[PDB]
């Protein structure tokens, strides 16, 4: 018997921000019945030369349960066929950031690879000058346009060192190797509430996340934003 939800994970998150290369690796844990995950990361390329906050929320929906059972992400892991993830973020100042994810599974252990490319950050904005201080909690909205796709959308805000909000919008595409169960396509959309904590230096990140999915939710349209 090999049927397993995740208990542990590791992330290799790498790429560039405004052409500057970064690379971080580390181990983490979570509880796939509660939606909790935490992750340690260490840089393999010296001091991050940009706000470490730009890697949140990108630093494993395999830990997210749904209101009534496994999420489609968990079902894809357990079945073994899995899924791929593409995220785009559009920032208020015209900057753009993409992340592509691939996973492999060794029983209850996940190996994540996340490739990041951020461009168009103003040279003196809060990202390149390292003056982001916090994130807002966040609702995501998950839709299923077909049986192999989930589209997720969210508004995102960082706090800056002057106490302003620095805003973006995010679109995430999930591609499933096997069709999702009919029940998922019927009980949509799904809203997920997420809270995060980040402790960081120049070279190290300690990330935590709490998340909970909500189904059958009326007039959530202008409130999740």
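Residue numbers count along the first chain shown, from 1.
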| item | value |
| --- | --- |
| Chain break class for residue 59 to residue 60, judged by how many deposited residues have no coordinates | 1 to 3 |
| Higher-scoring stretch by recorded Cα B factor average, 7-15 or 210-218 | 210-218 |
| Residue range whose averaged C-alpha B-factor is higher in the record, 84-92 or 123-131 | 123-131 |
| Per the PDB entry, maximal CA B factor within 168, 33, 49, 27 | 49 |
| Residue 152 CA temperature factor, ranked by third within the chain | lowest |
| Where the record places residue 54 (Cα B-factor, split into thirds across the chain) | middle |
| Entry-reported Cα temperature factor of residue 175, expressed as the chain third it lands in | middle |
| Entry-reported Cα temperature factor of residue 110, expressed as the chain third it lands in | lowest |
| CA B-factor ranking of residue 64, expressed as a third of its chain | lowest |
